[PDB]
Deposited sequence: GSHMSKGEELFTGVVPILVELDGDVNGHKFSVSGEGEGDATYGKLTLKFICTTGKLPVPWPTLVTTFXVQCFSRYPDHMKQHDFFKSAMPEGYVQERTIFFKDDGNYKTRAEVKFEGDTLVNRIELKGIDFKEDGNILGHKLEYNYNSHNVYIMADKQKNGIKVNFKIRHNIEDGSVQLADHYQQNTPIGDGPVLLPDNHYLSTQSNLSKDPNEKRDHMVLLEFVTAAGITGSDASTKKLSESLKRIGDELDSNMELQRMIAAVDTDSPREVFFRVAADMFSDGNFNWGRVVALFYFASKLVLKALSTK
């Protein structure tokens, strides 16, 4: 990629956000630098509209995956960099469980020597007493894996992952992310095989800063890419897939009386084997059953 030659050495980063969550508007400006070579990000965010409506941790993901470190044997699956300097568009939808959602659209591109992230975000359906709008999130972060996948039809990628937020009672607010990327530029881009980005982050405060702010450090590394063994697991995939997605079956098992579970399994077991034609397929399909007799 021609983009790859932009990401050697420390690059300056600048970030602009306009947010709107349950009619709370707000703006964030961020600056810093990223070192792709060692998969390193450092960024400072100032709330430019006063205090922040939402907790800081909720925005970490919204606020540069072109600064991930790609190992040499992988560097031909780096879509992010390959899209530069013209850049890409990053659209996400973020479902917090039992609560509202964000919908974002960013343009990431180069404006001279600087890499800028320009974001519009729009939250709705939050619960005034919830984890978000109640500010019950802990000022911290965890590590996640960012499964990428090509979208050869739309010349971009499809991304998905699930962020865990800590809360003070020990519980964990889930944040189901559905992401999609697409080149603003007309030039060709790398369209990757399935792999992931292993992310780690910590959140801190500057002690000579009195406005509402977050100091964000990100670590990012690409991974998950090491025959005909390929062709085999593609099938094992679909067989377990059609299985877990077979709406007939899922409905059928949910619909069962399992307060007195022990009898229910045994009779269904013995009913399966009334024709007495045992094969490993049934041993397993009944072990998916005895499996499902847990949750």
- Write out the missing regions of the deposited sequence in sequence order, one range per stretch. 1-4, 68, 232-234, 304-309
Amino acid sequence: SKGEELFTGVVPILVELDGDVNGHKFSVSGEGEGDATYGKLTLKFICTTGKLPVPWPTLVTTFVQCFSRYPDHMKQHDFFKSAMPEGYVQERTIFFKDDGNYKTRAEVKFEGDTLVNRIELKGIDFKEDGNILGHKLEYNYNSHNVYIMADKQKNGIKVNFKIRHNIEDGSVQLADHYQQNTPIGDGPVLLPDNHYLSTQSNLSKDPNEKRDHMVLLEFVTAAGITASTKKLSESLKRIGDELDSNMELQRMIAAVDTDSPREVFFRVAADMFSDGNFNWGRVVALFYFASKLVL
From here on, numbers count along this sequence of modelled residues.
- Query: Should the higher mean CA B-factor in the entry be assigned to 230-238 or to 27-35?
  - Reply: 230-238
- Query: Which has higher Cα B-factors on average according to the PDB entry: 5-13 or 267-275?
  - Reply: 267-275
- Query: Out of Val60, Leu249, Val54, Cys47, which shows the largest CA B-factor listed in the entry?
  - Reply: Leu249
- Assigned third (lowest, middle, highest) for the C-alpha B factor of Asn202: lowest
- Taking the entry's C-alpha B-factors for this chain, is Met149 in the lowest, middle or highest third? highest
- Message: Among the modelled residues of this chain, does the Cα B factor of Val189 put it in the lowest, middle or highest third?
- Response: highest
- Query: With respect to C-alpha B-factor, does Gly130 fall in the lowest, middle or highest third of the chain as deposited?
  - Reply: highest
- Query: Relative to the other modelled residues in the chain, which third contains the C-alpha temperature factor of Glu138: lowest, middle or highest?
  - Reply: middle
